[PDB]
4 protein chains.
Amino acid sequence: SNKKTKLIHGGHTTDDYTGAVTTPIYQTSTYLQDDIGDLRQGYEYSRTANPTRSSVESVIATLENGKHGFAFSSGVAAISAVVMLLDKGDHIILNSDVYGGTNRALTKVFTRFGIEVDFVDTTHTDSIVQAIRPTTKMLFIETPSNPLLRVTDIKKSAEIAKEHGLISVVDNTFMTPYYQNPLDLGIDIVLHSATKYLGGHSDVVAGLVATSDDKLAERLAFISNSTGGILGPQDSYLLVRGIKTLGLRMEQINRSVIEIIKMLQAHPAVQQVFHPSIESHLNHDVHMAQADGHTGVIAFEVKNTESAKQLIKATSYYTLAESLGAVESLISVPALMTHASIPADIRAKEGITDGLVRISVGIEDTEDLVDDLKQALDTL
Amino acid sequence: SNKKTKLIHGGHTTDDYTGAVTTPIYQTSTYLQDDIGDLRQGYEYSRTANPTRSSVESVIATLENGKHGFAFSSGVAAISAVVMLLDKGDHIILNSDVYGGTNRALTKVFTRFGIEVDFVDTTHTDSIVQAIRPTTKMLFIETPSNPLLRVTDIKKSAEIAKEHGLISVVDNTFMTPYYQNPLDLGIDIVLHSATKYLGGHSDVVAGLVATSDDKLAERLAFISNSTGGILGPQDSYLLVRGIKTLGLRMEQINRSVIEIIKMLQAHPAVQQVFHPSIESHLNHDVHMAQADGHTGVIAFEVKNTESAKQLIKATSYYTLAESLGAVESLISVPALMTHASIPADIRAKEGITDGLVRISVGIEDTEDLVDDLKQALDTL
Amino acid sequence: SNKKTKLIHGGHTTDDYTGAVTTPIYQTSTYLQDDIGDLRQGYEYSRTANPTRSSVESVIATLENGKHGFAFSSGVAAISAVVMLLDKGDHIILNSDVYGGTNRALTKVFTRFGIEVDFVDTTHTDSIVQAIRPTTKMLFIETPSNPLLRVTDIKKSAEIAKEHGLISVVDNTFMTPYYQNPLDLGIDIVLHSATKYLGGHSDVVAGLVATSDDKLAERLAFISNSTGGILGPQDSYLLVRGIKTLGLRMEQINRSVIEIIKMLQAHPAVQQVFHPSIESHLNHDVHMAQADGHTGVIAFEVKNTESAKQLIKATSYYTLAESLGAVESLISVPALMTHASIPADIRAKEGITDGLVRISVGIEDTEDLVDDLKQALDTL
Amino acid sequence: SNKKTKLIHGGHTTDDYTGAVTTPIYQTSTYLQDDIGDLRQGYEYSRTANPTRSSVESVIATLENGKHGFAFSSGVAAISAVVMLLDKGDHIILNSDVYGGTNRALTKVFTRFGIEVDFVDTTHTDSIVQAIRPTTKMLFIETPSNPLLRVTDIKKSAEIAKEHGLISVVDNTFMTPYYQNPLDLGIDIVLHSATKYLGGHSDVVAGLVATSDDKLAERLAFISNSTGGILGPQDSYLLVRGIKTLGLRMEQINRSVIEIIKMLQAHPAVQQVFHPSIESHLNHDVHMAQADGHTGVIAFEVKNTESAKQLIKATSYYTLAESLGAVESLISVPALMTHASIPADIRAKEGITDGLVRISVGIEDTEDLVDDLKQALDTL
Ligand SMILES: *Cc1c(COP(=O)(O)O)cnc(C)c1O
Ligand SMILES: *Cc1c(COP(=O)(O)O)cnc(C)c1O
Ligand SMILES: *Cc1c(COP(=O)(O)O)cnc(C)c1O
Ligand SMILES: *Cc1c(COP(=O)(O)O)cnc(C)c1O
Ligand code: NA
Ligand code: NA
Ligand code: NA
Ligand code: NA
Ligand code: NA
Ligand code: NA
Ligand code: NA
Ligand code: NA
């Protein structure tokens with residue numbers, strides 16, 4: 001029924017055999033056959049299918065209102081699997097500020113295989129319409145994007161993809177299925193780095209893919225079985241476990257996000273703030289129309305590099321580390337940690353200023369997170 | 001010093017911090033930074049590197065006398081990573097009877113990316129010389145092959161690859177580093193499905209890659225980090241653990257292999273036997289020159305399908321399942337389980353007769369394995 | 001600072017060595033010594049101490065405002081360890097309706113070792129004063145108790161224990177350290193079945209003990225090292241992980257508890273309801289004075305056995321299984337599942353009627369849990 | 001049939017449901033009931049029984065030719081469970097040089113519960129007959145003992161126990177079920193620290209108990225369920241896995257033991273050597289009559305403390321750490337590491353000289369182990 005209930009009872013996460021209320025961890029590679037070709041429960045070799053992996057796949061398919069789920073050894077393995085739906089000579093459109101790892105996979109690996117890539121500003125969907133070529137086969141968007149939280153209209157992107165015969169893909173990592181369900185808006189494929197919010201505990205690297213399209217699912221299954229970027233059973237188990245608390249975690253994160261943004265906007269040491277909840281944010285109305293909550297990633301400007309470092313040093317409850325979606329709040333400086341290879345003037349033109357700070361809000365107490373960040377900013 | 005000692009003390013498989021005599025399982029995705037860019041022990045994000053995965057990589061690099069190791073979520077993920085060293089328009093030579101999964105990856109996935117593939121009978125290395133094109137960039141061989149145990153000269157293949165500027169690759173799964181070290185014979189890259197003998201307990205799906213070439217290692221690391229088919233920490237731990245007993249397991253397996261082959265050759269219900277230890281086997285001398293032991297996979301002919309099924313039904317200690325390299329002895333019928341899609345007349349011409357049985361010898365008692373198989377064959 | 005922050009940052013749950021943001025799983029039994037007697041980080045043998053177990057011990061000590069934590073293979077192993085502080089001839093007072101497993105350990109195991117036991121109604125603390133003998137050494141109370149949620153005054157019990165020289169012990173399982181901290185009220189030892197709320201995911205059997213008393217801690221450590229009921233590293237890791245979300249889980253559970261109790265009190269098919277939040281509940285004021293929240297266990301009366309079974313059959317979201325503190329809501333019938341050995345007339349006199357149902361509220365949506373239970377009760 | 005086959009196929013270590021060829025890891029605490037009291041496969045609560053633990057219990061029961069197996073969180077938890085079969089006022093006879101942990105449990109924990117203990121030299125079984133009191137209920141022996149490898153006649157001890165109505169117990173850790181089966185010689189209960197040879201990889205702390213007596217098994221099950229020192233599922237899985245290679249590991253260890261003893265006896269820097277294979281060893285004939293192999297623990301005398309430390313420093317392949325039964329060879333000095341609390345003159349009288357070294361032989365190459373130890377001794 002409601003979302004928090006679906007999180008607990010959706011998918012198959014018990015043992016039909018013993019009745020165990022959690023998914024058994026099938027730390028196994030192969031399965032007895034009673035007769036040649038006779039599989040007891042459809043399992044024959046763990047790369048092809050493993051019952052613990054099957055549990056997490058059924059969870060993600062249920063949570064995204066899809067029919068088929070796929071678990072990969074990482075988010076970028078999920079993305080590579082989806083890209084391998086294309087052939088040499090095919091063209092893919094992606095949002096301009098797509099995740100660094102995605103950019104690098106496409107432009108340094110798959111272009112060597114003749115996949116062509118155009119990055120376009122998808123915040124105006126007619127940009128997509130202009131970028132479509134006769135060879136375009138896929139449209140791939142994140143929304144909201146990193147680290148400036150740009151919002152793209154999912155439903156219009158799906159309509160455009162249908163009209164021009166494109167496979168539409170949404171990287172739904174930042175929003176999670178708790179707040180945004182692209183398959184319900186006509187998208188063909190949805191994917192996640194489950195490394196972030198879904199696992200939620202910074203202890204699994206994993207990717208998840210869901211679709212309702214039987215033919216795309218057959219192609220993804222063939223690619224998964226042939227190139228073998230499968231999630232293992234222990235990690236699939238930890239994923240199922242972490243997803244149980246997704247709704248509670250996201251709701252705590254959203255309460256803190258709202259309060260922290262109020263604080264950041266009022267603070268004299270903070271200039272611009274980037275988050276889709278701000279009503280002056282580009283495509284705020286679009287986000288509210290396609291999601292019923294918010295990501296916990298916020299970016300905001302302080303004065304300069306030394307201000308950003310001082311902020312990090314002065315906070316008690318914000319931890320300096322890579323990734324997002326932990327139970328801890330995480331803090332980072334994109335210009336030094338994710339965009340340092342880009343020339344400084346291009347960074348500045350892009351908005352990746354030296355004093356741009358990104359925080360991933362965790363599940364600590366809201367008052368503590370607000371007060372800690374505020375007192376740290378007061379030291380500037 | 002000697003091999004069984006190297007298996008125990010080779011690589012880094014203890015904890016420098018606590019002194020734990022086994023590798024800690026770093027079930028974690030990210031790492032604290034003391035200052036932006038300052039990594040305590042070189043770790044920053046588990047997809048890029050994880051200390052448990054690093055342990056298993058150092059083991060495989062040590063055991064194959066390489067410098068760099070890489071752990072993937074499966075053998076075919078290792079193979080796909082190695083193939084992605086090539087570009088659209090490049091050509092790869094492989095041995096004709098290469099593993100089904102490898103064949104399928106190359107001909108159904110990578111040909112869509114403009115990689116060209118020729119299967120040649122590498123049991124005569126001048127076949128390789130004839131198949132070389134101006135676009136050939138890689139030579140990929142298994143030895144011995146499945147299920148007919150064809151043997152290819154590793155050292156001559158490495159010489160050919162060097163002369164013509166090819167990346168040489170050996171799939172060393174069937175022999176393990178305990179018996180055959182292709183890097184010592186001039187091969188550029190060696191790889192394994194660690195799912196089989198290395199893990200040795202049918203409870204991990206994993207691939208392992210080793211090289212001594214710094215530039216190839218940098219390219220493999222980039223591909224691993226970008227396409228993300230990484231082995232997880234729990235599976236890396238189980239791999240290290242299983243490798244500890246590799247030498248003891250392989251030696252038990254070899255004792256049983258020798259005795260079982262004597263029995264099969266004497267038995268009137270058995271026709272041809274396929275294994276490199278048989279002195280009439282093609283390239284027996286080559287195998288003995290490049291390896292100091294044997295694989296546990298044996299194929300042999302009984303009369304027909306019903307004879308093969310009866311054999312399976314009558315054995316007490318041979319288990320019907322996919323894969324090989326378990327502690328259990330495994331039995332299968334290729335014509336029904338791995339080559340059933342190939343037309344029957346082409347199967348027969350290839351030697352995959354209806355009564356061709358493959359066994360993967362386990363570590364049960366040698367007398368029990370010989371007597372069990374013999375009494376089962378007596379029922380024919 | 002506040003509780004939800006303490007849950008995330010309290011205790012030592014990162015790796016000082018690599019910076020891993022989660023506790024490494026030290027699946028190891030022994031540790032290298034650089035010189036005889038020189039331990040690198042104080043570890044020498046995992047039964048005596050294991051770094052993952054040490055992490056969960058530091059968490060429980062922090063959350064209960066104690067100084068020392070101890071992790072056992074189960075709640076009843078924790079209880080047996082605490083009882084083994086006593087000698088033959090010593091006497092222990094426990095609350096009359098103490099947990100079945102505790103009752104059975106004391107009366108069927110430890111009485112054979114000359115420990116004497118008296119069960120008294122501790123809802124009046126002068127009952128304790130009357131039951132004290134010259135040989136009494138320990139006072140052991142749960143509050144609230146199972147399944148009728150009887151409340152005992154913790155602070156008065158601690159005062160009584162101090163005056164008469166007793167070791168005071170509170171089984172704090174039902175309330176968790178999120179809502180009730182007995183060590184702050186003068187109790188000597190606090191313990192939990194971490195199997196329930198603390199792990200929170202029905203996938204670990206474990207017990208946890210905390211104290212601020214150095215001498216009691218030394219005695220507990222000696223008993224743990226000598227009788228060896230230690231929690232393993234994988235289970236300690238899963239405990240730390242589950243505790244991260246304790247506050248969010250307990251708060252969701254409490255919201256649902258309040259709404260479900262309103263529904264049960266209004267429903268004509270329900271008679272008596274047992275829970276400390278009801279203002280007519282015995283010692284309601286005491287509970288509110290010693291806790292700032294509620295347990296998720298509720299008991300209530302329907303008409304008879306068949307009514308109770310019908311309730312179970314008609315609910316969509318209440319799962320029939322043993323234990324409590326899961327993310328799922330659990331339902332059971334004490335008279336059939338925990339008190340079936342007690343004669344029926346004594347059960348009735350005790351309030352364990354045939355139609356007494358116990359539910360352990362999970363983290364499903366509050367409206368769904370209320371509506372599901374209400375429609376099921378409507379079918380009566 | 002033969003032992004190495006029994007190791008692979010004995011016990012239930014596959015999944016009847018999916019056919020998985022390894023035991024699933026049931027990381028779970030509780031089980032769905034289809035109707036109140038109706039258990040699908042007999043599981044209801046993991047402390048009482050867990051399917052992974054059940055797998056390892058069936059293995060140990062099979063390997064010791066018993067009917068019932070029990071897995072505990074440690075060897076000393078197994079021992080405490082067995083001791084709790086007795087009551088206050090009961091008396092137990094143990095061999096004089098029993099393991100330190102056992103001595104400490106009995107004399108510092110269970111004597112406080114009125115269990116009486118006598119340590120007697122059981123190398124002469126009439127010592128047992130003399131020590132029997134009217135209150136004696138249990139006879140507990142290790143053979144061979146630590147660190148001087150004293151041998152006790154198992155079959156005569158069982159006869160004595162039967163005649164006088166004693167529960168007979170053998171701690172079979174040092175020999176493993178691969179070489180010595182006390183239940184076959186009339187002993188009531190056999191137990192192991194599975195931490196050592198059975199797990200075999202220094203990564204599990206665990207105890208195992210087997211019996212053929214239904215009534216003793218019912219009592220042990222009650223004690224296990226009531227005091228809760230149960231092995232967890234992940235550790236039970238690793239135990240099953242490690243036991244697979246027990247036979248191969250023990251046979252390698254025995255080959256090295258024989259060669260190392262030849263070397264030690266010939267070496268001028270070595271005085272007395274302690275091991276049951278030496279024909280001048282007390283009760284050598286008894287050992288050969290009750291076992292068909294040897295433990296890997298050897299003790300031998302060098303001159304003094306500094307000689308012992310120099311030996312440790314000079315060996316390349318012997319690791320300084322506690323415990324035994326690893327794949328690594330381990331080295332230690334009892335007088336400094338296990339008997340340092342005993343006064344020096346009593347140590348000397350007992351044979352625990354300052355230069356007494358204990359090695360636990362691992363599975364490294366035999367020549368390497370012999371040559372490494374010999375060159376280290378040459379440096380004296
Ligand atoms: C409520 C519920 C659903 C319904 O999903 P929708 O969001 O309505 O599409 C599915 N599965 C479970 C377990 C549920 O509780
Ligand atoms: C013996 C040994 C080596 C030497 O390897 P080679 O086979 O001689 O190339 C390396 N590492 C360890 C731990 C060894 O024991
Ligand atoms: C707030 C906080 C504390 C303080 O605990 P009290 O409840 O005030 O006794 C301790 N540790 C951490 C990590 C905290 O955040
Ligand atoms: C051989 C065998 C047995 C027989 O055990 P004994 O040592 O003869 O008592 C039992 N189980 C299995 C699986 C065997 O292979
Ligand atoms: Na479900
Ligand atoms: Na659609
Ligand atoms: Na090493
Ligand atoms: Na080379
Ligand atoms: Na902390
Ligand atoms: Na106190
Ligand atoms: Na079996
Ligand atoms: Na007997």
Side-chain angles (χ1 to χ4, degrees), chain A residues 28 31-32 61 64-68 139 154 156-170 172 181-190 209-214 216-217 290, chain B residues 201-203 256 315-321 326-330 362-373 375, chain D residues 1-16 19-24 51-52 54-67 69 176-185 190 210 212 237 239-241 243-244 246-247 291-293:
Chain A
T28 200
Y31 306 80
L32 302 169
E64 290 288 17
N65 300 316
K67 188 178 175 190
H68 309 279
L139 170 63
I154 294 175
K156 286 205 208 134
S157 303
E159 288 165 7
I160 291 165
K162 285 164 207 145
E163 200 196 340
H164 300 265
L166 316 181
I167 304 168
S168 54
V169 189
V170 168
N172 197 35
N181 304 114
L183 299 188
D184 283 348
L185 303 174
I187 294 301
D188 293 316
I189 300 176
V190 68
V209 182
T211 186
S212 294
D213 187 305
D214 290 351
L216 291 178
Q290 66 193 17
Chain B
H201 292 73
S202 319
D203 62 1
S256 301
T315 48
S316 280
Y317 304 130
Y318 295 77
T319 298
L320 176 66
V327 295
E328 299 87 357
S329 308
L330 299 183
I363 62 168
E364 299 99 337
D365 182 75
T366 296
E367 281 180 50
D368 289 337
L369 289 178
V370 173
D371 295 349
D372 189 39
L373 194 54
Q375 64 83 22
Chain D
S1 175
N2 289 330
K3 305 197 286 193
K4 287 178 189 171
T5 306
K6 198 173 171 186
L7 283 169
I8 301 307
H9 298 283
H12 181 60
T13 66
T14 65
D15 180 25
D16 283 346
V21 300
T22 58
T23 307
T52 315
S54 289
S55 176
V56 76
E57 292 169 348
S58 90
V59 171
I60 192 58
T62 294
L63 294 184
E64 290 288 17
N65 300 316
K67 188 178 175 190
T176 85
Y178 192 71
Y179 286 136
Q180 184 170 266
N181 304 114
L183 299 188
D184 283 348
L185 303 174
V190 68
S212 294
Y237 178 79
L239 264 193
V240 165
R241 195 191 204 249
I243 287 163
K244 305 301 191 186
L246 179 64
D292 52 24

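When a ligand or atom number is given, it counts from 1 through the structure's own listing order. In what follows, every heavy atom counts, from backbone to side chain, and hydrogens, waters and symmetry copies are set aside. Lettering of chains follows the sequences in order, A, B, ..., and the numbering in each one begins at 1.
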ask   = Counting backbone and side-chain atoms alike, does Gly10(D) have an N/O/S atom under 3.0 Å from the Na ion (ligand 11)?
value = no
request  = Determine whether the side chains of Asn181(D) and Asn65(D) contain a donor N or O and an acceptor N or O closer than 3.5 Å.
outcome  = no
message = Just by distance, no angles: are the side chains of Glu364(B) and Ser256(B) close enough, under 3.5 Å, to form a donor-acceptor pair?
response =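 Note: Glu364(B) and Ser256(B) side chains miss the donor-acceptor criterion.
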Numbering as shown, the atoms of ligand 4 that approach [X] to under 4.0 Å (heavy-atom distance):
{"X": "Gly10(D)", "result": "13 (C)"}
{"X": "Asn65(D)", "result": "9 (O)"}
{"X": "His9(D)", "result": "13 (C)"}

ask   = Roughly how far apart are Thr22(D) OG1 and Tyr31(A) OH, rounded to 0.5 Å?
value =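 Atom-to-atom, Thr22(D):OG1 and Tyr31(A):OH are 8.0 Å apart.
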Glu64(D) versus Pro182(D), closest heavy-atom pair with distance = OE1-CD, 3.8 Å
message = Report the atom name of the nearest N/O/S atom of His9(D) relative to the Na ion (ligand 11).
response =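 Within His9(D), restricted to N, O or S, the Na ion (ligand 11) is closest to atom O.
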ask   = Taking both backbone and side-chain atoms of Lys6(D), is any N or O found less than 3.5 Å from an N or O belonging to ligand 4?
value = yes
Polar proximity ligand 4 side, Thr62(D) side, N/O cut 3.5 Å exclusive = no
Donor-acceptor contact present, side-chain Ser168(A) to main-chain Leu139(A), <3.5 Å =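 A pair under 3.5 Å: no.
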query = Is a side-chain donor or acceptor of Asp15(D) paired with a backbone partner of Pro24(D) at a separation under 3.5 angstrom?
reply = no
key: Ion pair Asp292(D)/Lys3(D), N-O distance below 4.0 Å   =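 Here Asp292(D) pairs with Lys3(D) in a salt bridge, since their nearest N and O are under 4.0 Å apart.
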note = At under 4.0 Å between heavy atoms, what of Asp368(B) touches ligand 4? The answer is neither
ask   = Got the closest protein heavy atom to atom 1 (C) of ligand 4, with its distance?
value = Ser1(D) N, 1.4 Å
